[PDB]
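Engineer: Compact mmCIF, N, CA and C atoms, saved as structure-v2.txt, coming up:
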```txt
# COMPACT_ATOMS: atom_id res chain seq x y z
N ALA A 24 -43.55 -18.34 8.41
CA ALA A 24 -42.82 -17.17 8.86
C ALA A 24 -42.02 -16.55 7.72
N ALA A 25 -42.00 -15.24 7.63
CA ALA A 25 -41.35 -14.62 6.48
C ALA A 25 -39.83 -14.68 6.57
N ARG A 26 -39.21 -14.85 5.41
CA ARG A 26 -37.78 -15.03 5.28
C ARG A 26 -37.17 -14.08 4.28
N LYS A 27 -35.79 -13.73 4.45
CA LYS A 27 -35.21 -13.08 3.30
C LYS A 27 -33.76 -13.48 3.38
N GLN B 4 -0.33 -28.35 31.56
CA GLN B 4 -1.50 -28.44 30.68
C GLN B 4 -2.78 -27.99 31.41
N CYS B 5 -3.73 -27.43 30.65
CA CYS B 5 -4.86 -26.75 31.25
C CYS B 5 -5.91 -26.49 30.17
N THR B 6 -7.18 -26.63 30.53
CA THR B 6 -8.25 -26.39 29.58
C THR B 6 -9.33 -25.58 30.27
N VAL B 7 -9.83 -24.51 29.64
CA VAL B 7 -10.85 -23.67 30.27
C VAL B 7 -12.12 -23.64 29.41
N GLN B 8 -13.27 -23.77 30.08
CA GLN B 8 -14.58 -23.69 29.43
C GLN B 8 -15.34 -22.50 29.99
N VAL B 9 -15.99 -21.73 29.09
CA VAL B 9 -16.79 -20.58 29.50
C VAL B 9 -18.04 -20.55 28.63
N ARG B 10 -19.13 -20.00 29.17
CA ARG B 10 -20.43 -20.04 28.51
C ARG B 10 -20.83 -18.67 27.97
N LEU B 11 -21.41 -18.66 26.76
CA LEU B 11 -22.00 -17.47 26.16
C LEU B 11 -23.45 -17.76 25.88
N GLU B 12 -24.28 -16.73 25.97
CA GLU B 12 -25.66 -16.83 25.52
C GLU B 12 -25.85 -15.91 24.32
N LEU B 13 -26.34 -16.47 23.21
CA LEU B 13 -26.85 -15.72 22.07
C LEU B 13 -28.36 -15.78 22.15
N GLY B 14 -29.02 -14.64 21.93
CA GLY B 14 -30.47 -14.61 21.96
C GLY B 14 -31.02 -13.54 21.03
N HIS B 15 -32.33 -13.55 20.85
CA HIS B 15 -32.97 -12.37 20.31
C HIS B 15 -34.40 -12.32 20.79
N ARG B 16 -35.00 -11.14 20.66
CA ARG B 16 -36.42 -10.99 20.91
C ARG B 16 -36.99 -10.31 19.68
N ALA B 17 -38.25 -10.58 19.38
CA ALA B 17 -38.91 -9.97 18.23
C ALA B 17 -40.36 -9.70 18.57
N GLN B 18 -40.82 -8.49 18.27
CA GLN B 18 -42.19 -8.12 18.54
C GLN B 18 -42.85 -7.61 17.27
N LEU B 19 -44.08 -8.02 17.01
CA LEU B 19 -44.86 -7.48 15.89
C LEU B 19 -45.37 -6.09 16.23
N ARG B 20 -44.99 -5.09 15.43
CA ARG B 20 -45.36 -3.72 15.74
C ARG B 20 -46.85 -3.54 15.59
N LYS B 21 -47.40 -2.72 16.43
CA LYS B 21 -48.79 -2.41 16.27
C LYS B 21 -48.98 -1.56 15.00
N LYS B 22 -48.05 -0.66 14.74
CA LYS B 22 -48.01 0.15 13.56
C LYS B 22 -46.72 -0.09 12.77
N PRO B 23 -46.75 -0.66 11.58
CA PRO B 23 -45.50 -0.84 10.84
C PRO B 23 -44.82 0.49 10.56
N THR B 24 -43.53 0.42 10.23
CA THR B 24 -42.81 1.63 9.88
C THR B 24 -43.16 2.07 8.46
N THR B 25 -42.65 3.25 8.08
CA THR B 25 -42.99 3.84 6.78
C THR B 25 -42.48 2.97 5.64
N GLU B 26 -41.33 2.30 5.85
CA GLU B 26 -40.79 1.39 4.84
C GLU B 26 -41.56 0.08 4.76
N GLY B 27 -42.60 -0.12 5.58
CA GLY B 27 -43.33 -1.37 5.61
C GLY B 27 -42.82 -2.41 6.58
N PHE B 28 -41.83 -2.08 7.43
CA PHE B 28 -41.27 -3.03 8.41
C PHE B 28 -42.28 -3.35 9.52
N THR B 29 -42.56 -4.63 9.70
CA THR B 29 -43.60 -5.09 10.60
C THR B 29 -43.09 -5.44 12.00
N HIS B 30 -41.79 -5.54 12.22
CA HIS B 30 -41.31 -6.10 13.50
C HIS B 30 -40.21 -5.24 14.10
N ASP B 31 -40.17 -5.21 15.43
CA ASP B 31 -39.00 -4.76 16.17
C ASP B 31 -38.28 -5.98 16.72
N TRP B 32 -37.00 -6.08 16.42
CA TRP B 32 -36.23 -7.15 17.00
C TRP B 32 -34.94 -6.62 17.62
N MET B 33 -34.36 -7.45 18.49
CA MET B 33 -33.12 -7.12 19.18
C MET B 33 -32.31 -8.40 19.30
N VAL B 34 -31.06 -8.37 18.86
CA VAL B 34 -30.19 -9.53 18.98
C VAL B 34 -29.04 -9.16 19.92
N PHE B 35 -28.53 -10.14 20.68
CA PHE B 35 -27.51 -9.89 21.70
C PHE B 35 -26.63 -11.11 21.92
N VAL B 36 -25.46 -10.83 22.48
CA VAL B 36 -24.56 -11.82 23.05
C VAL B 36 -24.27 -11.35 24.46
N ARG B 37 -24.47 -12.24 25.45
CA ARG B 37 -24.26 -11.90 26.86
C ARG B 37 -23.65 -13.11 27.55
N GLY B 38 -23.16 -12.89 28.77
CA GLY B 38 -22.83 -13.98 29.66
C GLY B 38 -24.07 -14.45 30.41
N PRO B 39 -24.14 -15.74 30.74
CA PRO B 39 -25.24 -16.20 31.61
C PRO B 39 -25.14 -15.55 32.98
N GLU B 40 -26.29 -15.35 33.61
CA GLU B 40 -26.41 -15.33 35.07
C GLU B 40 -25.33 -14.48 35.71
N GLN B 41 -25.39 -13.16 35.52
CA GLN B 41 -24.51 -12.19 36.17
C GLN B 41 -23.10 -12.17 35.59
N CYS B 42 -22.65 -13.20 34.88
CA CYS B 42 -21.27 -13.23 34.43
C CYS B 42 -21.06 -12.13 33.40
N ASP B 43 -19.90 -11.49 33.46
CA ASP B 43 -19.59 -10.37 32.58
C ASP B 43 -18.55 -10.83 31.58
N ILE B 44 -18.92 -10.84 30.30
CA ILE B 44 -18.03 -11.42 29.32
C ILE B 44 -17.07 -10.40 28.77
N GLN B 45 -17.26 -9.11 29.08
CA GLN B 45 -16.27 -8.09 28.73
C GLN B 45 -14.86 -8.44 29.21
N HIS B 46 -14.72 -9.22 30.30
CA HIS B 46 -13.37 -9.56 30.75
C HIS B 46 -12.58 -10.24 29.64
N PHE B 47 -13.21 -11.05 28.78
CA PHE B 47 -12.43 -11.76 27.76
C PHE B 47 -12.90 -11.45 26.35
N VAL B 48 -14.00 -10.72 26.21
CA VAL B 48 -14.52 -10.38 24.90
C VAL B 48 -14.10 -8.96 24.52
N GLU B 49 -13.37 -8.87 23.42
CA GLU B 49 -12.91 -7.60 22.87
C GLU B 49 -14.01 -6.89 22.08
N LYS B 50 -14.71 -7.61 21.19
CA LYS B 50 -15.81 -6.98 20.45
C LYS B 50 -16.67 -8.07 19.84
N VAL B 51 -17.93 -7.74 19.61
CA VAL B 51 -18.84 -8.60 18.86
C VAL B 51 -19.26 -7.91 17.54
N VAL B 52 -19.18 -8.66 16.43
CA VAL B 52 -19.59 -8.19 15.11
C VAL B 52 -20.88 -8.92 14.72
N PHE B 53 -21.94 -8.15 14.46
CA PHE B 53 -23.20 -8.67 13.95
C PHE B 53 -23.30 -8.34 12.48
N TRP B 54 -23.39 -9.38 11.63
CA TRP B 54 -23.50 -9.17 10.19
C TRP B 54 -24.96 -9.23 9.79
N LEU B 55 -25.54 -8.07 9.50
CA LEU B 55 -26.95 -8.00 9.16
C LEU B 55 -27.14 -8.26 7.66
N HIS B 56 -28.34 -8.69 7.30
CA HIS B 56 -28.67 -8.80 5.89
C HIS B 56 -28.32 -7.50 5.18
N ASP B 57 -27.86 -7.60 3.92
CA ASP B 57 -27.43 -6.38 3.27
C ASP B 57 -28.58 -5.43 2.89
N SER B 58 -29.85 -5.78 3.15
CA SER B 58 -30.94 -4.81 3.05
C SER B 58 -30.87 -3.73 4.13
N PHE B 59 -30.12 -3.93 5.15
CA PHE B 59 -29.95 -2.97 6.23
C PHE B 59 -28.76 -2.06 5.92
N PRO B 60 -28.80 -0.81 6.37
CA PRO B 60 -27.66 0.08 6.14
C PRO B 60 -26.51 -0.26 7.10
N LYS B 61 -25.28 -0.11 6.62
CA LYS B 61 -24.08 -0.47 7.38
C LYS B 61 -24.21 -1.86 8.01
N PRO B 62 -24.42 -2.89 7.20
CA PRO B 62 -24.82 -4.19 7.74
C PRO B 62 -23.81 -4.78 8.72
N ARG B 63 -22.53 -4.45 8.60
CA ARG B 63 -21.53 -4.93 9.57
C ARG B 63 -21.57 -4.06 10.82
N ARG B 64 -22.33 -4.48 11.83
CA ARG B 64 -22.50 -3.76 13.08
C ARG B 64 -21.49 -4.27 14.12
N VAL B 65 -20.85 -3.35 14.85
CA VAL B 65 -19.77 -3.70 15.76
C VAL B 65 -20.10 -3.14 17.13
N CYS B 66 -19.97 -3.97 18.17
CA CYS B 66 -20.01 -3.47 19.55
C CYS B 66 -18.71 -3.82 20.25
N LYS B 67 -18.01 -2.80 20.73
CA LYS B 67 -16.74 -2.97 21.39
C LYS B 67 -16.88 -3.00 22.90
N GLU B 68 -18.07 -2.75 23.44
CA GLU B 68 -18.27 -2.79 24.87
C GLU B 68 -19.74 -3.11 25.16
N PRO B 69 -20.04 -3.63 26.36
CA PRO B 69 -21.42 -4.04 26.66
C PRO B 69 -22.38 -2.86 26.62
N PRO B 70 -23.68 -3.09 26.32
CA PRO B 70 -24.28 -4.37 25.91
C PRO B 70 -23.98 -4.65 24.47
N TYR B 71 -23.66 -5.92 24.19
CA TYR B 71 -23.34 -6.35 22.84
C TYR B 71 -24.67 -6.75 22.23
N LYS B 72 -25.24 -5.85 21.43
CA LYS B 72 -26.61 -6.05 20.98
C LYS B 72 -26.88 -5.12 19.80
N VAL B 73 -27.86 -5.48 18.98
CA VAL B 73 -28.30 -4.67 17.84
C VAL B 73 -29.82 -4.57 17.91
N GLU B 74 -30.35 -3.35 17.83
CA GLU B 74 -31.79 -3.11 17.83
C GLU B 74 -32.20 -2.60 16.47
N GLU B 75 -33.23 -3.23 15.89
CA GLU B 75 -33.59 -2.92 14.52
C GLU B 75 -35.06 -3.20 14.31
N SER B 76 -35.55 -2.71 13.18
CA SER B 76 -36.88 -3.01 12.69
C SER B 76 -36.74 -3.64 11.32
N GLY B 77 -37.56 -4.66 11.03
CA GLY B 77 -37.56 -5.23 9.69
C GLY B 77 -38.83 -6.01 9.40
N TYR B 78 -38.83 -6.74 8.28
CA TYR B 78 -40.04 -7.45 7.87
C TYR B 78 -39.86 -8.97 7.71
N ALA B 79 -38.63 -9.50 7.61
CA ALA B 79 -38.45 -10.95 7.52
C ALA B 79 -37.24 -11.43 8.34
N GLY B 80 -37.26 -12.72 8.69
CA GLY B 80 -36.10 -13.35 9.31
C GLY B 80 -35.00 -13.66 8.31
N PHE B 81 -33.81 -13.92 8.82
CA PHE B 81 -32.64 -14.10 7.98
C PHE B 81 -31.52 -14.68 8.82
N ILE B 82 -30.52 -15.21 8.13
CA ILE B 82 -29.36 -15.84 8.73
C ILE B 82 -28.34 -14.74 9.03
N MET B 83 -27.79 -14.75 10.23
CA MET B 83 -26.92 -13.67 10.69
C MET B 83 -25.63 -14.24 11.24
N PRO B 84 -24.54 -14.19 10.49
CA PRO B 84 -23.24 -14.50 11.10
C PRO B 84 -22.95 -13.53 12.25
N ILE B 85 -22.34 -14.07 13.32
CA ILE B 85 -22.00 -13.33 14.52
C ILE B 85 -20.58 -13.72 14.86
N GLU B 86 -19.68 -12.74 14.97
CA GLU B 86 -18.29 -12.98 15.34
C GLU B 86 -18.06 -12.42 16.73
N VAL B 87 -17.49 -13.24 17.60
CA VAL B 87 -17.09 -12.82 18.94
C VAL B 87 -15.57 -12.87 18.95
N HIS B 88 -14.93 -11.70 19.12
CA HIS B 88 -13.47 -11.62 19.15
C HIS B 88 -13.05 -11.56 20.62
N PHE B 89 -11.91 -12.16 20.93
CA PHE B 89 -11.42 -12.39 22.29
C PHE B 89 -10.26 -11.47 22.65
N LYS B 90 -10.11 -11.19 23.94
CA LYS B 90 -8.95 -10.42 24.41
C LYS B 90 -7.72 -11.32 24.54
N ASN B 91 -7.30 -11.86 23.41
CA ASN B 91 -6.25 -12.87 23.32
C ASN B 91 -5.11 -12.31 22.48
N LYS B 92 -3.87 -12.61 22.83
CA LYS B 92 -2.80 -12.23 21.91
C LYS B 92 -2.29 -13.43 21.12
N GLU B 93 -3.02 -14.54 21.13
CA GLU B 93 -2.66 -15.71 20.36
C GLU B 93 -3.94 -16.41 19.93
N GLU B 94 -3.79 -17.38 19.06
CA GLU B 94 -4.93 -18.09 18.54
C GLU B 94 -5.54 -18.99 19.61
N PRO B 95 -6.87 -19.20 19.59
CA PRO B 95 -7.83 -18.59 18.65
C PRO B 95 -8.24 -17.19 19.04
N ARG B 96 -8.39 -16.31 18.06
CA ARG B 96 -8.66 -14.91 18.37
C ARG B 96 -10.14 -14.57 18.27
N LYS B 97 -10.95 -15.46 17.72
CA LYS B 97 -12.38 -15.21 17.58
C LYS B 97 -13.10 -16.53 17.37
N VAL B 98 -14.40 -16.52 17.62
CA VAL B 98 -15.26 -17.63 17.22
C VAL B 98 -16.39 -17.04 16.39
N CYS B 99 -16.87 -17.81 15.39
CA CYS B 99 -17.97 -17.40 14.51
C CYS B 99 -19.19 -18.29 14.71
N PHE B 100 -20.36 -17.67 14.85
CA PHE B 100 -21.63 -18.36 14.98
C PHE B 100 -22.50 -18.02 13.77
N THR B 101 -23.42 -18.93 13.45
CA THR B 101 -24.46 -18.74 12.45
C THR B 101 -25.78 -18.63 13.22
N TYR B 102 -26.31 -17.42 13.35
CA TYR B 102 -27.48 -17.19 14.19
C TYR B 102 -28.70 -17.08 13.28
N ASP B 103 -29.80 -17.71 13.66
CA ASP B 103 -31.06 -17.60 12.91
C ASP B 103 -31.91 -16.51 13.54
N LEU B 104 -31.84 -15.30 13.00
CA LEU B 104 -32.70 -14.21 13.41
C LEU B 104 -34.08 -14.45 12.80
N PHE B 105 -34.99 -15.08 13.51
CA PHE B 105 -36.28 -15.39 12.93
C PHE B 105 -37.37 -14.58 13.61
N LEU B 106 -38.37 -14.19 12.83
CA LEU B 106 -39.54 -13.48 13.30
C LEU B 106 -40.75 -14.39 13.18
N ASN B 107 -41.66 -14.36 14.14
CA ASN B 107 -42.89 -15.13 13.97
C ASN B 107 -44.07 -14.20 13.69
N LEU B 108 -45.19 -14.81 13.32
CA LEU B 108 -46.38 -14.06 12.98
C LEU B 108 -47.32 -13.92 14.16
N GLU B 109 -47.18 -14.75 15.19
CA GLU B 109 -48.16 -14.73 16.27
C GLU B 109 -47.93 -13.58 17.24
N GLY B 110 -46.79 -12.91 17.17
CA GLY B 110 -46.67 -11.71 17.95
C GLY B 110 -45.41 -11.52 18.77
N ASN B 111 -45.16 -12.39 19.75
CA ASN B 111 -44.04 -12.23 20.66
C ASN B 111 -43.08 -13.40 20.55
N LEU B 112 -41.79 -13.09 20.51
CA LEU B 112 -40.79 -14.11 20.30
C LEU B 112 -39.60 -13.84 21.22
N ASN B 113 -39.17 -14.87 21.93
CA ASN B 113 -37.93 -14.82 22.69
C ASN B 113 -37.15 -16.10 22.42
N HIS B 114 -35.87 -15.95 22.11
CA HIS B 114 -35.05 -17.11 21.79
C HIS B 114 -33.71 -17.00 22.50
N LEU B 115 -33.20 -18.13 23.01
CA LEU B 115 -31.93 -18.13 23.72
C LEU B 115 -31.11 -19.35 23.34
N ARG B 116 -29.88 -19.11 22.91
CA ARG B 116 -28.95 -20.14 22.46
C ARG B 116 -27.72 -20.15 23.37
N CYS B 117 -27.47 -21.27 24.08
CA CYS B 117 -26.38 -21.37 25.05
C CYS B 117 -25.18 -22.06 24.41
N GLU B 118 -24.08 -21.35 24.27
CA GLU B 118 -22.89 -21.90 23.64
C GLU B 118 -21.80 -22.07 24.69
N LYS B 119 -20.93 -23.04 24.46
CA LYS B 119 -19.84 -23.35 25.38
C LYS B 119 -18.56 -23.35 24.56
N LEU B 120 -17.61 -22.50 24.95
CA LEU B 120 -16.29 -22.44 24.34
C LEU B 120 -15.30 -23.14 25.25
N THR B 121 -14.32 -23.79 24.64
CA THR B 121 -13.24 -24.43 25.37
C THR B 121 -11.93 -23.87 24.84
N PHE B 122 -11.02 -23.54 25.74
CA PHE B 122 -9.72 -23.03 25.35
C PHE B 122 -8.68 -23.96 25.93
N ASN B 123 -7.81 -24.46 25.08
CA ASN B 123 -6.81 -25.42 25.52
C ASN B 123 -5.47 -24.73 25.69
N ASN B 124 -4.91 -24.87 26.89
CA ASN B 124 -3.65 -24.24 27.26
C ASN B 124 -3.63 -22.73 26.97
N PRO B 125 -4.55 -21.97 27.56
CA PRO B 125 -4.54 -20.52 27.36
C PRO B 125 -3.35 -19.88 28.08
N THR B 126 -2.94 -18.70 27.63
CA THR B 126 -1.95 -18.00 28.45
C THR B 126 -2.51 -17.77 29.85
N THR B 127 -1.62 -17.55 30.82
CA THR B 127 -2.14 -17.32 32.15
C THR B 127 -2.89 -16.00 32.28
N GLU B 128 -2.58 -14.98 31.47
CA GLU B 128 -3.39 -13.76 31.49
C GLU B 128 -4.75 -14.00 30.86
N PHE B 129 -4.81 -14.76 29.77
CA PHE B 129 -6.11 -14.97 29.16
C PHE B 129 -6.96 -15.88 30.04
N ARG B 130 -6.31 -16.86 30.68
CA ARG B 130 -7.00 -17.77 31.60
C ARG B 130 -7.66 -17.01 32.73
N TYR B 131 -6.94 -16.04 33.29
CA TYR B 131 -7.54 -15.21 34.32
C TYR B 131 -8.75 -14.48 33.75
N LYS B 132 -8.64 -13.92 32.55
CA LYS B 132 -9.81 -13.28 31.94
C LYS B 132 -10.99 -14.24 31.87
N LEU B 133 -10.75 -15.48 31.45
CA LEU B 133 -11.86 -16.42 31.28
C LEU B 133 -12.58 -16.67 32.59
N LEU B 134 -11.80 -16.92 33.66
CA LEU B 134 -12.37 -17.29 34.94
C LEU B 134 -13.14 -16.13 35.56
N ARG B 135 -12.62 -14.90 35.40
CA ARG B 135 -13.36 -13.75 35.90
C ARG B 135 -14.72 -13.63 35.22
N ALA B 136 -14.88 -14.24 34.03
CA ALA B 136 -16.15 -14.15 33.33
C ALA B 136 -16.99 -15.40 33.50
N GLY B 137 -16.63 -16.27 34.43
CA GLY B 137 -17.45 -17.43 34.73
C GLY B 137 -16.92 -18.71 34.16
N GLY B 138 -15.73 -18.67 33.59
CA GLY B 138 -15.13 -19.89 33.01
C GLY B 138 -14.68 -20.95 34.03
N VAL B 139 -14.16 -22.11 33.53
CA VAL B 139 -14.06 -23.41 34.17
C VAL B 139 -12.85 -24.01 33.54
N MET B 140 -11.80 -24.23 34.32
CA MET B 140 -10.79 -25.15 33.85
C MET B 140 -11.28 -26.61 33.92
N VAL B 141 -10.86 -27.51 33.02
CA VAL B 141 -11.42 -28.86 33.06
C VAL B 141 -10.31 -29.87 32.86
N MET B 142 -10.69 -31.15 32.88
CA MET B 142 -9.80 -32.19 32.44
C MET B 142 -9.28 -31.88 31.03
```
How does this structure look as structure tokens?
Structural biologist:
Amino acid sequence: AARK
Amino acid sequence: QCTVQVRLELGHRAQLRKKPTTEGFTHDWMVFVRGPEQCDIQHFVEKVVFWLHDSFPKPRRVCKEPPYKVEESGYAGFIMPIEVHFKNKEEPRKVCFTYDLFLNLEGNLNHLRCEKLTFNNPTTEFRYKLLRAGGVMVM
């Protein structure tokens, strides 16, 4: 899952 | 002596957009703070502050009245401090949560976090506020  | 317990729900939903936005944002998400099951937390909640990642404009989002929620589009999950301030004239005046605003890739996401606050020896006006919102005096 993409994170920032 | 007296102790009151009341419940808050933190949640979010996230949907993968069929068409991303022009900036490349792939998801619609919504984060909220509510009372469980019909309870209205406005009786004791003065405002909720949602601290968004600084990639968002005006990242410090404030709701002073229901629904306490933020609707946004973005491309990744991130850690979101959430401050709930109380209709209190004495300490404690707020509680702070660390919320994980996460997006998944499979499409639909719903998340719900049930928190329990306890107030020890509240003023009688604040105590009334708590109980009207579903709170519980305890041992």
Engineer: Quick one: residues within 12 Å of residue B:62, only C-alpha atoms counted, chain neighbours fewer than 4 positions away excluded, as a PDB file with N, CA and C atoms, in the frame of the given file?
Structural biologist:
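result-v5.pdb written:
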```pdb
ATOM      1  N   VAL B  52     -19.180  -8.660  16.430  1.00  0.00           N
ATOM      2  CA  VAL B  52     -19.590  -8.190  15.110  1.00  0.00           C
ATOM      3  C   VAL B  52     -20.880  -8.920  14.720  1.00  0.00           C
ATOM      4  N   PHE B  53     -21.940  -8.150  14.460  1.00  0.00           N
ATOM      5  CA  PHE B  53     -23.200  -8.670  13.950  1.00  0.00           C
ATOM      6  C   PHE B  53     -23.300  -8.340  12.480  1.00  0.00           C
ATOM      7  N   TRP B  54     -23.390  -9.380  11.630  1.00  0.00           N
ATOM      8  CA  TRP B  54     -23.500  -9.170  10.190  1.00  0.00           C
ATOM      9  C   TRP B  54     -24.960  -9.230   9.790  1.00  0.00           C
ATOM     10  N   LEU B  55     -25.540  -8.070   9.500  1.00  0.00           N
ATOM     11  CA  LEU B  55     -26.950  -8.000   9.160  1.00  0.00           C
ATOM     12  C   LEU B  55     -27.140  -8.260   7.660  1.00  0.00           C
ATOM     13  N   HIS B  56     -28.340  -8.690   7.300  1.00  0.00           N
ATOM     14  CA  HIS B  56     -28.670  -8.800   5.890  1.00  0.00           C
ATOM     15  C   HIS B  56     -28.320  -7.500   5.180  1.00  0.00           C
ATOM     16  N   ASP B  57     -27.860  -7.600   3.920  1.00  0.00           N
ATOM     17  CA  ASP B  57     -27.430  -6.380   3.270  1.00  0.00           C
ATOM     18  C   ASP B  57     -28.580  -5.430   2.890  1.00  0.00           C
ATOM     19  N   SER B  58     -29.850  -5.780   3.150  1.00  0.00           N
ATOM     20  CA  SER B  58     -30.940  -4.810   3.050  1.00  0.00           C
ATOM     21  C   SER B  58     -30.870  -3.730   4.130  1.00  0.00           C
ATOM     22  N   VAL B  73     -27.860  -5.480  18.980  1.00  0.00           N
ATOM     23  CA  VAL B  73     -28.300  -4.670  17.840  1.00  0.00           C
ATOM     24  C   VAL B  73     -29.820  -4.570  17.910  1.00  0.00           C
ATOM     25  N   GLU B  75     -33.230  -3.230  15.890  1.00  0.00           N
ATOM     26  CA  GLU B  75     -33.590  -2.920  14.520  1.00  0.00           C
ATOM     27  C   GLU B  75     -35.060  -3.200  14.310  1.00  0.00           C
ATOM     28  N   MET B  83     -27.790 -14.750  10.230  1.00  0.00           N
ATOM     29  CA  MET B  83     -26.920 -13.670  10.690  1.00  0.00           C
ATOM     30  C   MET B  83     -25.630 -14.240  11.240  1.00  0.00           C
ATOM     31  N   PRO B  84     -24.540 -14.190  10.490  1.00  0.00           N
ATOM     32  CA  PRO B  84     -23.240 -14.500  11.100  1.00  0.00           C
ATOM     33  C   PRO B  84     -22.950 -13.530  12.250  1.00  0.00           C
ATOM     34  N   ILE B  85     -22.340 -14.070  13.320  1.00  0.00           N
ATOM     35  CA  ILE B  85     -22.000 -13.330  14.520  1.00  0.00           C
ATOM     36  C   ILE B  85     -20.580 -13.720  14.860  1.00  0.00           C
TER      37      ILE B  85
END
```
Engineer: Residues within 8 Å of (-39.4, -13.0, 6.2), file coordinates, counting only N, CA and C atoms: what are they? Give the list as a PyMOL selection string.
Structural biologist: (chain A and resi 24-27) or (chain B and resi 77-81+105-106)
Engineer: Could you tell me how far atom CA of residue B:124 sits from atom CA of residue B:40, in Å to one decimal place?
Structural biologist: 25.7 Å
Engineer: What separation in Å, quoted to one decimal, exists between atom CA of residue B:74 and atom CA of residue B:31?
Structural biologist: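 Those two atoms sit 7.6 Å apart.
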Engineer: Output as a short mmCIF file (atom, residue, chain, number, x, y, z; two decimals) with N, CA and C atoms, keeping the file's coordinate frame all residues of stretch 18-92 of chain B that backbone DSSP marks as strand (DSSP E or B).
Structural biologist:
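What ended up in part-v9.cif:
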```cif
data_model
loop_
_atom_site.label_atom_id
_atom_site.label_comp_id
_atom_site.auth_asym_id
_atom_site.auth_seq_id
_atom_site.Cartn_x
_atom_site.Cartn_y
_atom_site.Cartn_z
N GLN B 18 -40.82 -8.49 18.27
CA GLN B 18 -42.19 -8.12 18.54
C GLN B 18 -42.85 -7.61 17.27
N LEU B 19 -44.08 -8.02 17.01
CA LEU B 19 -44.86 -7.48 15.89
C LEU B 19 -45.37 -6.09 16.23
N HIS B 30 -41.79 -5.54 12.22
CA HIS B 30 -41.31 -6.10 13.50
C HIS B 30 -40.21 -5.24 14.10
N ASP B 31 -40.17 -5.21 15.43
CA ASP B 31 -39.00 -4.76 16.17
C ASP B 31 -38.28 -5.98 16.72
N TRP B 32 -37.00 -6.08 16.42
CA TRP B 32 -36.23 -7.15 17.00
C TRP B 32 -34.94 -6.62 17.62
N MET B 33 -34.36 -7.45 18.49
CA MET B 33 -33.12 -7.12 19.18
C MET B 33 -32.31 -8.40 19.30
N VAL B 34 -31.06 -8.37 18.86
CA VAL B 34 -30.19 -9.53 18.98
C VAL B 34 -29.04 -9.16 19.92
N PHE B 35 -28.53 -10.14 20.68
CA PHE B 35 -27.51 -9.89 21.70
C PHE B 35 -26.63 -11.11 21.92
N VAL B 36 -25.46 -10.83 22.48
CA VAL B 36 -24.56 -11.82 23.05
C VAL B 36 -24.27 -11.35 24.46
N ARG B 37 -24.47 -12.24 25.45
CA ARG B 37 -24.26 -11.90 26.86
C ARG B 37 -23.65 -13.11 27.55
N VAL B 48 -14.00 -10.72 26.21
CA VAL B 48 -14.52 -10.38 24.90
C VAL B 48 -14.10 -8.96 24.52
N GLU B 49 -13.37 -8.87 23.42
CA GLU B 49 -12.91 -7.60 22.87
C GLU B 49 -14.01 -6.89 22.08
N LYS B 50 -14.71 -7.61 21.19
CA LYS B 50 -15.81 -6.98 20.45
C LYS B 50 -16.67 -8.07 19.84
N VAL B 51 -17.93 -7.74 19.61
CA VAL B 51 -18.84 -8.60 18.86
C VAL B 51 -19.26 -7.91 17.54
N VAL B 52 -19.18 -8.66 16.43
CA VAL B 52 -19.59 -8.19 15.11
C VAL B 52 -20.88 -8.92 14.72
N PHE B 53 -21.94 -8.15 14.46
CA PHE B 53 -23.20 -8.67 13.95
C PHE B 53 -23.30 -8.34 12.48
N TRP B 54 -23.39 -9.38 11.63
CA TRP B 54 -23.50 -9.17 10.19
C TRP B 54 -24.96 -9.23 9.79
N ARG B 63 -22.53 -4.45 8.60
CA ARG B 63 -21.53 -4.93 9.57
C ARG B 63 -21.57 -4.06 10.82
N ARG B 64 -22.33 -4.48 11.83
CA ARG B 64 -22.50 -3.76 13.08
C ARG B 64 -21.49 -4.27 14.12
N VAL B 65 -20.85 -3.35 14.85
CA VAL B 65 -19.77 -3.70 15.76
C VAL B 65 -20.10 -3.14 17.13
N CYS B 66 -19.97 -3.97 18.17
CA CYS B 66 -20.01 -3.47 19.55
C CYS B 66 -18.71 -3.82 20.25
N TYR B 71 -23.66 -5.92 24.19
CA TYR B 71 -23.34 -6.35 22.84
C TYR B 71 -24.67 -6.75 22.23
N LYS B 72 -25.24 -5.85 21.43
CA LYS B 72 -26.61 -6.05 20.98
C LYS B 72 -26.88 -5.12 19.80
N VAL B 73 -27.86 -5.48 18.98
CA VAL B 73 -28.30 -4.67 17.84
C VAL B 73 -29.82 -4.57 17.91
N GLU B 74 -30.35 -3.35 17.83
CA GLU B 74 -31.79 -3.11 17.83
C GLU B 74 -32.20 -2.60 16.47
N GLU B 75 -33.23 -3.23 15.89
CA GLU B 75 -33.59 -2.92 14.52
C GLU B 75 -35.06 -3.20 14.31
N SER B 76 -35.55 -2.71 13.18
CA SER B 76 -36.88 -3.01 12.69
C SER B 76 -36.74 -3.64 11.32
N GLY B 77 -37.56 -4.66 11.03
CA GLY B 77 -37.56 -5.23 9.69
C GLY B 77 -38.83 -6.01 9.40
N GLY B 80 -37.26 -12.72 8.69
CA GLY B 80 -36.10 -13.35 9.31
C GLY B 80 -35.00 -13.66 8.31
N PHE B 81 -33.81 -13.92 8.82
CA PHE B 81 -32.64 -14.10 7.98
C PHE B 81 -31.52 -14.68 8.82
N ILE B 82 -30.52 -15.21 8.13
CA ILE B 82 -29.36 -15.84 8.73
C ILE B 82 -28.34 -14.74 9.03
N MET B 83 -27.79 -14.75 10.23
CA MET B 83 -26.92 -13.67 10.69
C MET B 83 -25.63 -14.24 11.24
N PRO B 84 -24.54 -14.19 10.49
CA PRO B 84 -23.24 -14.50 11.10
C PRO B 84 -22.95 -13.53 12.25
N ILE B 85 -22.34 -14.07 13.32
CA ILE B 85 -22.00 -13.33 14.52
C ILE B 85 -20.58 -13.72 14.86
N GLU B 86 -19.68 -12.74 14.97
CA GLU B 86 -18.29 -12.98 15.34
C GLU B 86 -18.06 -12.42 16.73
N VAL B 87 -17.49 -13.24 17.60
CA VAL B 87 -17.09 -12.82 18.94
C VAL B 87 -15.57 -12.87 18.95
N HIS B 88 -14.93 -11.70 19.12
CA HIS B 88 -13.47 -11.62 19.15
C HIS B 88 -13.05 -11.56 20.62
N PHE B 89 -11.91 -12.16 20.93
CA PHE B 89 -11.42 -12.39 22.29
C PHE B 89 -10.26 -11.47 22.65
#
```
